[PDB]
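**Q** One file is attached below, final.txt, containing compact mmCIF, N, CA and C atoms.
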```txt
# COMPACT_ATOMS: atom_id res chain seq x y z
N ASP M 51 117.82 97.84 195.66
CA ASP M 51 117.61 97.04 194.47
C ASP M 51 117.96 97.79 193.20
N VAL M 52 118.50 97.04 192.25
CA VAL M 52 118.60 97.47 190.87
C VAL M 52 117.88 96.43 190.01
N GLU M 53 116.95 96.89 189.19
CA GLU M 53 116.29 96.05 188.20
C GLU M 53 116.17 96.86 186.92
N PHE M 54 116.65 96.31 185.82
CA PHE M 54 116.56 96.97 184.54
C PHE M 54 115.86 96.05 183.56
N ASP M 55 115.67 96.54 182.34
CA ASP M 55 115.20 95.72 181.25
C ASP M 55 116.02 96.07 180.02
N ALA M 56 116.31 95.06 179.22
CA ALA M 56 117.30 95.21 178.17
C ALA M 56 116.62 95.16 176.81
N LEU M 57 117.16 95.93 175.88
CA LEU M 57 116.93 95.72 174.47
C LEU M 57 118.13 94.93 173.98
N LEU M 58 117.90 93.68 173.62
CA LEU M 58 118.96 92.76 173.27
C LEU M 58 119.30 92.82 171.80
N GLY M 59 118.79 93.83 171.10
CA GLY M 59 119.17 94.13 169.75
C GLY M 59 118.08 93.95 168.72
N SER M 60 118.23 94.69 167.62
CA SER M 60 117.24 94.78 166.56
C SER M 60 117.76 94.09 165.32
N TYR M 61 116.85 93.44 164.62
CA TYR M 61 117.17 92.70 163.44
C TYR M 61 116.26 93.22 162.40
N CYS M 62 116.81 93.62 161.28
CA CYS M 62 116.00 94.17 160.20
C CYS M 62 116.49 93.55 158.92
N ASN M 63 115.62 92.91 158.15
CA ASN M 63 116.08 92.34 156.89
C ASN M 63 116.21 93.47 155.90
N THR M 64 117.02 93.28 154.87
CA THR M 64 117.13 94.31 153.86
C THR M 64 116.53 93.59 152.68
N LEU M 65 115.42 94.08 152.13
CA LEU M 65 114.84 93.36 151.02
C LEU M 65 115.80 93.52 149.88
N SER M 66 116.23 92.40 149.32
CA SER M 66 117.16 92.44 148.21
C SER M 66 116.47 93.00 146.99
N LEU M 67 117.11 93.96 146.34
CA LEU M 67 116.61 94.51 145.09
C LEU M 67 117.15 93.67 143.95
N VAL M 68 116.25 93.02 143.22
CA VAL M 68 116.63 92.13 142.13
C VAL M 68 116.37 92.87 140.83
N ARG M 69 117.41 92.98 140.00
CA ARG M 69 117.10 93.50 138.69
C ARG M 69 116.47 92.40 137.87
N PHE M 70 115.95 92.78 136.72
CA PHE M 70 115.50 91.76 135.81
C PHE M 70 116.61 91.26 134.90
N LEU M 71 117.49 92.15 134.48
CA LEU M 71 118.53 91.77 133.54
C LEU M 71 119.46 90.72 134.10
N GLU M 72 119.62 90.67 135.41
CA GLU M 72 120.44 89.65 136.03
C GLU M 72 119.47 88.60 136.51
N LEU M 73 119.30 87.55 135.71
CA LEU M 73 118.24 86.58 135.89
C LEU M 73 118.23 85.66 134.67
N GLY M 74 117.60 84.50 134.78
CA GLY M 74 117.68 83.55 133.69
C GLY M 74 116.72 83.88 132.58
N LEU M 75 115.56 84.41 132.96
CA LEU M 75 114.46 84.60 132.05
C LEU M 75 114.64 85.80 131.13
N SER M 76 115.66 86.61 131.33
CA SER M 76 115.84 87.75 130.46
C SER M 76 116.60 87.40 129.19
N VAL M 77 116.94 86.14 128.97
CA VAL M 77 117.39 85.72 127.65
C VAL M 77 116.21 85.44 126.73
N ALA M 78 115.06 85.11 127.28
CA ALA M 78 113.89 84.74 126.50
C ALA M 78 113.14 85.93 125.99
N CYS M 79 113.66 87.13 126.21
CA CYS M 79 113.02 88.36 125.77
C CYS M 79 114.09 89.30 125.26
N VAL M 80 113.70 90.20 124.37
CA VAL M 80 114.56 91.31 123.99
C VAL M 80 113.91 92.55 124.57
N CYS M 81 114.39 93.04 125.70
CA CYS M 81 113.75 94.16 126.35
C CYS M 81 114.41 95.44 125.89
N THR M 82 113.59 96.42 125.54
CA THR M 82 114.10 97.72 125.16
C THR M 82 113.23 98.79 125.79
N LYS M 83 113.85 99.90 126.17
CA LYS M 83 113.11 101.01 126.75
C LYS M 83 112.66 101.94 125.64
N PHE M 84 111.40 102.33 125.68
CA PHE M 84 110.78 103.13 124.63
C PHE M 84 109.99 104.23 125.32
N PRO M 85 110.63 105.37 125.60
CA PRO M 85 109.98 106.43 126.38
C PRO M 85 108.61 106.86 125.89
N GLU M 86 108.38 106.86 124.59
CA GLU M 86 107.16 107.35 123.98
C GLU M 86 106.09 106.29 123.89
N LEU M 87 106.31 105.15 124.54
CA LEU M 87 105.33 104.08 124.57
C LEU M 87 103.96 104.62 124.96
N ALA M 88 103.93 105.64 125.80
CA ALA M 88 102.66 106.22 126.22
C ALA M 88 101.88 106.77 125.05
N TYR M 89 102.56 107.31 124.05
CA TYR M 89 101.91 107.96 122.93
C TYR M 89 101.66 107.04 121.74
N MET M 90 102.21 105.86 121.74
CA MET M 90 102.23 105.13 120.52
C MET M 90 100.98 104.81 119.84
N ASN M 91 100.00 104.39 120.61
CA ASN M 91 98.69 103.95 120.16
C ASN M 91 98.75 102.59 119.42
N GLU M 92 99.39 102.46 118.27
CA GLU M 92 99.48 101.13 117.66
C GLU M 92 100.83 100.82 117.10
N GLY M 93 101.40 99.68 117.43
CA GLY M 93 102.70 99.37 116.91
C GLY M 93 102.71 98.03 116.30
N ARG M 94 103.58 97.80 115.33
CA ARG M 94 103.54 96.47 114.74
C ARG M 94 104.92 96.06 114.24
N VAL M 95 105.11 94.76 114.04
CA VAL M 95 106.36 94.21 113.53
C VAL M 95 106.00 93.43 112.28
N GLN M 96 106.58 93.76 111.13
CA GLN M 96 106.22 93.07 109.88
C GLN M 96 106.53 91.61 109.49
N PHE M 97 107.71 91.08 109.76
CA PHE M 97 107.96 89.66 109.43
C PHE M 97 107.92 89.05 107.99
N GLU M 98 108.85 89.35 107.10
CA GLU M 98 108.80 88.62 105.83
C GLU M 98 109.61 87.33 105.89
N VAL M 99 109.13 86.27 105.24
CA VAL M 99 109.90 85.04 105.09
C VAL M 99 109.72 84.45 103.70
N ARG U 6 88.88 93.78 111.52
CA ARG U 6 88.74 95.22 111.60
C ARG U 6 89.45 95.91 110.44
N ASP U 7 89.62 95.17 109.34
CA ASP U 7 90.50 95.59 108.25
C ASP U 7 91.86 95.92 108.84
N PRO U 8 92.63 94.91 109.23
CA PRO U 8 93.87 95.14 109.96
C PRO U 8 94.86 95.92 109.11
N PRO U 9 96.06 96.19 109.64
CA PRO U 9 97.09 96.85 108.83
C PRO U 9 97.46 96.05 107.60
N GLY U 10 98.50 96.49 106.90
CA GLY U 10 98.99 95.75 105.76
C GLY U 10 100.49 95.90 105.67
N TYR U 11 101.09 94.92 105.01
CA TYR U 11 102.53 94.80 105.03
C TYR U 11 103.14 95.98 104.31
N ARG U 12 104.16 96.53 104.93
CA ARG U 12 104.79 97.74 104.48
C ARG U 12 105.93 97.26 103.65
N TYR U 13 105.85 97.42 102.35
CA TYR U 13 106.91 96.94 101.50
C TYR U 13 108.24 97.65 101.52
N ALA U 14 108.23 98.96 101.66
CA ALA U 14 109.48 99.69 101.69
C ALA U 14 110.29 99.31 102.89
N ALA U 15 109.64 99.24 104.04
CA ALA U 15 110.28 99.00 105.32
C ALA U 15 111.02 97.71 105.23
N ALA U 16 110.49 96.82 104.41
CA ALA U 16 111.12 95.57 104.07
C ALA U 16 112.16 96.16 103.17
N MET U 17 113.23 95.44 102.90
CA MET U 17 114.37 95.88 102.09
C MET U 17 115.46 96.35 103.02
N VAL U 18 115.09 96.64 104.25
CA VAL U 18 116.04 97.04 105.23
C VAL U 18 115.52 96.41 106.49
N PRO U 19 115.81 95.13 106.66
CA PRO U 19 115.29 94.39 107.80
C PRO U 19 116.00 94.78 109.07
N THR U 20 115.27 94.73 110.17
CA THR U 20 115.86 94.95 111.48
C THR U 20 116.33 93.67 112.13
N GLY U 21 116.22 92.55 111.43
CA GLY U 21 116.65 91.28 111.99
C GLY U 21 116.47 90.20 110.96
N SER U 22 116.80 88.98 111.36
CA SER U 22 116.71 87.85 110.46
C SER U 22 116.08 86.69 111.19
N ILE U 23 115.01 86.16 110.63
CA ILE U 23 114.30 85.05 111.24
C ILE U 23 115.13 83.79 111.02
N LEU U 24 115.52 83.13 112.10
CA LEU U 24 116.37 81.96 111.98
C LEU U 24 115.57 80.75 111.53
N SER U 25 114.42 80.52 112.14
CA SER U 25 113.65 79.35 111.77
C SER U 25 113.07 79.46 110.39
N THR U 26 113.27 78.42 109.60
CA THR U 26 112.72 78.37 108.27
C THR U 26 111.72 77.26 108.43
N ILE U 27 110.47 77.56 108.12
CA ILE U 27 109.43 76.58 108.26
C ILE U 27 108.33 76.97 107.32
N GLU U 28 107.40 76.07 107.07
CA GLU U 28 106.33 76.40 106.17
C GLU U 28 105.37 77.18 107.01
N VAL U 29 105.33 78.47 106.74
CA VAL U 29 104.43 79.35 107.44
C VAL U 29 103.14 79.16 106.72
N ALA U 30 102.08 79.69 107.28
CA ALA U 30 100.78 79.57 106.69
C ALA U 30 100.11 78.39 107.32
N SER U 31 100.65 77.89 108.43
CA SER U 31 99.98 76.82 109.11
C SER U 31 99.54 77.74 110.22
N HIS U 32 100.51 78.50 110.70
CA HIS U 32 100.31 79.44 111.78
C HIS U 32 99.83 80.62 111.05
N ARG U 33 98.58 80.52 110.66
CA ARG U 33 97.93 81.50 109.81
C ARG U 33 97.63 82.79 110.55
N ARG U 34 96.80 82.73 111.58
CA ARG U 34 96.24 83.91 112.22
C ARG U 34 97.04 84.42 113.40
N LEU U 35 98.22 83.86 113.68
CA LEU U 35 99.11 84.51 114.63
C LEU U 35 99.39 85.94 114.23
N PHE U 36 99.11 86.28 112.99
CA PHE U 36 99.32 87.59 112.41
C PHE U 36 97.97 88.14 112.00
N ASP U 37 97.82 89.45 112.05
CA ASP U 37 96.56 90.00 111.59
C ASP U 37 96.62 90.44 110.14
N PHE U 38 97.76 90.27 109.49
CA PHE U 38 97.85 90.32 108.04
C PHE U 38 98.81 89.24 107.60
N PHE U 39 98.35 88.34 106.77
CA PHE U 39 99.13 87.27 106.31
C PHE U 39 98.78 87.27 104.89
N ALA U 40 99.77 87.17 104.04
CA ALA U 40 99.53 87.16 102.64
C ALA U 40 100.48 86.14 102.19
N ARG U 41 100.10 85.33 101.24
CA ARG U 41 101.00 84.33 100.74
C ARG U 41 101.05 84.61 99.30
N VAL U 42 102.23 84.87 98.79
CA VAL U 42 102.36 85.15 97.39
C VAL U 42 103.15 84.03 96.83
N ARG U 43 102.91 83.66 95.59
CA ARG U 43 103.66 82.57 95.02
C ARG U 43 104.91 82.73 94.17
N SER U 44 104.88 83.39 93.01
CA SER U 44 106.12 83.47 92.25
C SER U 44 106.27 84.93 92.59
N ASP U 45 105.20 85.69 92.44
CA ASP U 45 105.18 87.09 92.83
C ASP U 45 103.77 87.54 92.57
N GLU U 46 103.36 88.68 93.10
CA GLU U 46 102.01 89.12 92.82
C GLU U 46 102.06 90.51 92.23
N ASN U 47 100.87 90.99 91.89
CA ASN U 47 100.65 92.31 91.36
C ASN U 47 100.67 93.36 92.46
N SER U 48 100.45 92.93 93.69
CA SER U 48 100.15 93.80 94.82
C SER U 48 101.38 94.28 95.57
N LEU U 49 102.57 93.98 95.10
CA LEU U 49 103.74 94.40 95.82
C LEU U 49 104.38 95.63 95.27
N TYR U 50 103.83 96.16 94.20
CA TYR U 50 104.40 97.30 93.51
C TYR U 50 103.59 98.58 93.55
```
For this file, write the structure as structure tokens.

**A**
Amino acid sequence: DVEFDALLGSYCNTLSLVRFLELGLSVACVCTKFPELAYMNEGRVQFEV
Amino acid sequence: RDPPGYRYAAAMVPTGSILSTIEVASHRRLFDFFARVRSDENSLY
């Protein structure tokens, strides 16, 4: 007798890495990187009209 | 909490331009300092 058992193959999804900049909702924001955000403590935007 | 106050110098060199023109002061407290001046005030100098 010959009797074996087979591995009929492996399937692995690759989780897609989605950036934020490529997306619809990144028009509704102005995103900027600010390395010193950790130190800022208080920030403000003035607004004259 | 005695919030901040508008920085006059920083004005004069805007970092942008507000497109919407509307009567502000309805949306009063969206800001923690709102000042409405009329022809001009004493407090800007």

**Q** Sorted by chain and rising residue number, list the residues of chain U at most 12 Å from chain M (counting only C-alpha atoms), each with its closest atom pair and distance in Å to one decimal, as CSV.

**A**
```
residue,atom,partner,partner_atom,distance
U:8,CA,M:94,CA,10.9
U:9,CA,M:94,CA,8.8
U:10,CA,M:96,CA,8.7
U:11,CA,M:96,CA,6.3
U:12,CA,M:96,CA,7.3
U:13,CA,M:96,CA,9.3
U:14,CA,M:96,CA,11.0
U:15,CA,M:96,CA,8.5
U:16,CA,M:98,CA,7.5
U:17,CA,M:98,CA,9.9
U:18,CA,M:98,CA,11.1
U:19,CA,M:97,CA,8.9
U:20,CA,M:97,CA,9.7
U:21,CA,M:97,CA,9.2
U:22,CA,M:97,CA,9.0
U:23,CA,M:99,CA,7.6
U:24,CA,M:99,CA,9.9
U:25,CA,M:99,CA,9.5
U:26,CA,M:99,CA,7.9
U:27,CA,M:99,CA,9.0
U:28,CA,M:99,CA,9.4
U:29,CA,M:99,CA,8.2
U:30,CA,M:99,CA,10.8
U:35,CA,M:97,CA,11.5
U:36,CA,M:96,CA,9.2
U:37,CA,M:94,CA,10.0
U:38,CA,M:96,CA,9.0
U:39,CA,M:97,CA,9.7
U:40,CA,M:98,CA,9.9
U:41,CA,M:99,CA,9.9
U:42,CA,M:99,CA,10.8
```

**Q** Print the selection's residues with N, CA and C atoms to a file, as a compact mmCIF listing (two decimals), in the frame of the given file.

**A**
```
# COMPACT_ATOMS: atom_id res chain seq x y z
N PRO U 8 92.63 94.91 109.23
CA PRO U 8 93.87 95.14 109.96
C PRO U 8 94.86 95.92 109.11
N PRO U 9 96.06 96.19 109.64
CA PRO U 9 97.09 96.85 108.83
C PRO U 9 97.46 96.05 107.60
N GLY U 10 98.50 96.49 106.90
CA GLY U 10 98.99 95.75 105.76
C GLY U 10 100.49 95.90 105.67
N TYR U 11 101.09 94.92 105.01
CA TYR U 11 102.53 94.80 105.03
C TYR U 11 103.14 95.98 104.31
N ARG U 12 104.16 96.53 104.93
CA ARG U 12 104.79 97.74 104.48
C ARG U 12 105.93 97.26 103.65
N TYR U 13 105.85 97.42 102.35
CA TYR U 13 106.91 96.94 101.50
C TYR U 13 108.24 97.65 101.52
N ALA U 14 108.23 98.96 101.66
CA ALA U 14 109.48 99.69 101.69
C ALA U 14 110.29 99.31 102.89
N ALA U 15 109.64 99.24 104.04
CA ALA U 15 110.28 99.00 105.32
C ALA U 15 111.02 97.71 105.23
N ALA U 16 110.49 96.82 104.41
CA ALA U 16 111.12 95.57 104.07
C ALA U 16 112.16 96.16 103.17
N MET U 17 113.23 95.44 102.90
CA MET U 17 114.37 95.88 102.09
C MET U 17 115.46 96.35 103.02
N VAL U 18 115.09 96.64 104.25
CA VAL U 18 116.04 97.04 105.23
C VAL U 18 115.52 96.41 106.49
N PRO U 19 115.81 95.13 106.66
CA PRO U 19 115.29 94.39 107.80
C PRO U 19 116.00 94.78 109.07
N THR U 20 115.27 94.73 110.17
CA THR U 20 115.86 94.95 111.48
C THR U 20 116.33 93.67 112.13
N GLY U 21 116.22 92.55 111.43
CA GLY U 21 116.65 91.28 111.99
C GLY U 21 116.47 90.20 110.96
N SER U 22 116.80 88.98 111.36
CA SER U 22 116.71 87.85 110.46
C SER U 22 116.08 86.69 111.19
N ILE U 23 115.01 86.16 110.63
CA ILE U 23 114.30 85.05 111.24
C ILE U 23 115.13 83.79 111.02
N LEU U 24 115.52 83.13 112.10
CA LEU U 24 116.37 81.96 111.98
C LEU U 24 115.57 80.75 111.53
N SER U 25 114.42 80.52 112.14
CA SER U 25 113.65 79.35 111.77
C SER U 25 113.07 79.46 110.39
N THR U 26 113.27 78.42 109.60
CA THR U 26 112.72 78.37 108.27
C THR U 26 111.72 77.26 108.43
N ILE U 27 110.47 77.56 108.12
CA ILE U 27 109.43 76.58 108.26
C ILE U 27 108.33 76.97 107.32
N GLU U 28 107.40 76.07 107.07
CA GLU U 28 106.33 76.40 106.17
C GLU U 28 105.37 77.18 107.01
N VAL U 29 105.33 78.47 106.74
CA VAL U 29 104.43 79.35 107.44
C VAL U 29 103.14 79.16 106.72
N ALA U 30 102.08 79.69 107.28
CA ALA U 30 100.78 79.57 106.69
C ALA U 30 100.11 78.39 107.32
N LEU U 35 98.22 83.86 113.68
CA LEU U 35 99.11 84.51 114.63
C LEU U 35 99.39 85.94 114.23
N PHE U 36 99.11 86.28 112.99
CA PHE U 36 99.32 87.59 112.41
C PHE U 36 97.97 88.14 112.00
N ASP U 37 97.82 89.45 112.05
CA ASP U 37 96.56 90.00 111.59
C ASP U 37 96.62 90.44 110.14
N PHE U 38 97.76 90.27 109.49
CA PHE U 38 97.85 90.32 108.04
C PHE U 38 98.81 89.24 107.60
N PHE U 39 98.35 88.34 106.77
CA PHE U 39 99.13 87.27 106.31
C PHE U 39 98.78 87.27 104.89
N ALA U 40 99.77 87.17 104.04
CA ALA U 40 99.53 87.16 102.64
C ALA U 40 100.48 86.14 102.19
N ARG U 41 100.10 85.33 101.24
CA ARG U 41 101.00 84.33 100.74
C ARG U 41 101.05 84.61 99.30
N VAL U 42 102.23 84.87 98.79
CA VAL U 42 102.36 85.15 97.39
C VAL U 42 103.15 84.03 96.83
```

**Q** Could you tell me how far atom CA of residue 93 of chain M lies from atom CA of residue 7 of chain U, in Å and to one decimal?

**A**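 Taking atom CA of residue 93 of chain M as the start and atom CA of residue 7 of chain U as the end point, the length is 15.4 Å.
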
**Q** Taking all atoms of segment 31-44 of chain U that appear in the file, build a box with edges along x, y and z, extend it by 3 Å on every side, and state its centre and edge lengths in Å to one decimal, as JSON.

**A**
```
{"center_x": 101.3, "center_y": 83.6, "center_z": 103.4, "size_x": 16.0, "size_y": 19.6, "size_z": 28.4}
```

**Q** So how far away is atom C of residue 33 of chain U from atom C of residue 86 of chain M, in Å?

**A**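 If I compute the distance from atom C of residue 86 of chain M to atom C of residue 33 of chain U, I get 28.3 Å.
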
**Q** Could you state the separation of atom N of residue 6 of chain U and atom N of residue 34 of chain U in Å, given to one decimal place?

**A**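 Between atom N of residue 6 of chain U and atom N of residue 34 of chain U the gap works out to 13.6 Å.
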
**Q** Run DSSP on the backbone and give me the residues of chain M it puts in helix (DSSP H, G or I), as a count of residues only.

**A** 7

**Q** Export N, CA and C atoms of segment 21-49 of chain U from the structure just given, as a short mmCIF file (atom, residue, chain, number, x, y, z; two decimals), in the first residue's frame?

**A**
```
data_model
loop_
_atom_site.label_atom_id
_atom_site.label_comp_id
_atom_site.auth_asym_id
_atom_site.auth_seq_id
_atom_site.Cartn_x
_atom_site.Cartn_y
_atom_site.Cartn_z
N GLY U 21 -3.27 82.96 4.88
CA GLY U 21 -4.33 82.48 4.02
C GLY U 21 -5.39 83.53 3.90
N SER U 22 -6.43 83.19 3.16
CA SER U 22 -7.51 84.13 2.92
C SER U 22 -8.83 83.41 3.08
N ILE U 23 -9.68 83.93 3.95
CA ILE U 23 -10.97 83.32 4.21
C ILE U 23 -11.88 83.64 3.03
N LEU U 24 -12.38 82.60 2.38
CA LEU U 24 -13.20 82.81 1.19
C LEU U 24 -14.60 83.26 1.57
N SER U 25 -15.22 82.60 2.53
CA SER U 25 -16.57 82.97 2.89
C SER U 25 -16.63 84.32 3.56
N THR U 26 -17.53 85.15 3.07
CA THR U 26 -17.74 86.45 3.65
C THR U 26 -19.13 86.29 4.22
N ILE U 27 -19.26 86.52 5.51
CA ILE U 27 -20.53 86.36 6.16
C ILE U 27 -20.51 87.23 7.38
N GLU U 28 -21.67 87.46 7.97
CA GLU U 28 -21.70 88.29 9.14
C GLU U 28 -21.30 87.38 10.25
N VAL U 29 -20.09 87.59 10.74
CA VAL U 29 -19.58 86.82 11.83
C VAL U 29 -20.17 87.48 13.03
N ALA U 30 -20.04 86.84 14.17
CA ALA U 30 -20.58 87.37 15.38
C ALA U 30 -21.92 86.75 15.59
N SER U 31 -22.23 85.69 14.84
CA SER U 31 -23.48 85.01 15.08
C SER U 31 -22.78 83.85 15.73
N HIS U 32 -21.74 83.39 15.04
CA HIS U 32 -20.95 82.27 15.47
C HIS U 32 -19.98 82.93 16.36
N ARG U 33 -20.49 83.25 17.53
CA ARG U 33 -19.76 84.03 18.52
C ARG U 33 -18.66 83.24 19.19
N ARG U 34 -19.01 82.17 19.89
CA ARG U 34 -18.10 81.46 20.77
C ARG U 34 -17.37 80.30 20.11
N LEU U 35 -17.52 80.10 18.80
CA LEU U 35 -16.62 79.17 18.12
C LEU U 35 -15.17 79.54 18.36
N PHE U 36 -14.92 80.75 18.80
CA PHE U 36 -13.61 81.29 19.08
C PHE U 36 -13.54 81.61 20.56
N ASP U 37 -12.36 81.50 21.14
CA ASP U 37 -12.25 81.88 22.53
C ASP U 37 -11.79 83.32 22.71
N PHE U 38 -11.56 84.03 21.62
CA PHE U 38 -11.45 85.48 21.64
C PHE U 38 -12.14 86.00 20.40
N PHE U 39 -13.13 86.84 20.59
CA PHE U 39 -13.87 87.38 19.53
C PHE U 39 -13.96 88.78 19.94
N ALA U 40 -13.71 89.69 19.03
CA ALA U 40 -13.77 91.07 19.34
C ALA U 40 -14.40 91.60 18.13
N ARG U 41 -15.29 92.56 18.28
CA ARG U 41 -15.92 93.14 17.12
C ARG U 41 -15.61 94.57 17.26
N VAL U 42 -14.96 95.13 16.27
CA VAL U 42 -14.63 96.53 16.33
C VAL U 42 -15.41 97.16 15.24
N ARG U 43 -15.82 98.40 15.43
CA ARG U 43 -16.59 99.06 14.39
C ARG U 43 -16.00 99.96 13.31
N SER U 44 -15.37 101.09 13.63
CA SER U 44 -14.87 101.91 12.55
C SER U 44 -13.45 101.53 12.87
N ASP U 45 -13.08 101.59 14.13
CA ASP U 45 -11.79 101.15 14.60
C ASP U 45 -11.82 101.32 16.09
N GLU U 46 -10.89 100.73 16.82
CA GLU U 46 -10.93 100.93 18.25
C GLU U 46 -9.59 101.47 18.71
N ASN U 47 -9.53 101.72 20.01
CA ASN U 47 -8.35 102.20 20.69
C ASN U 47 -7.38 101.06 20.95
N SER U 48 -7.87 99.83 20.94
CA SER U 48 -7.17 98.66 21.44
C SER U 48 -6.32 97.96 20.40
N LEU U 49 -6.20 98.49 19.21
CA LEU U 49 -5.43 97.82 18.20
C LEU U 49 -4.04 98.36 18.04
#
```
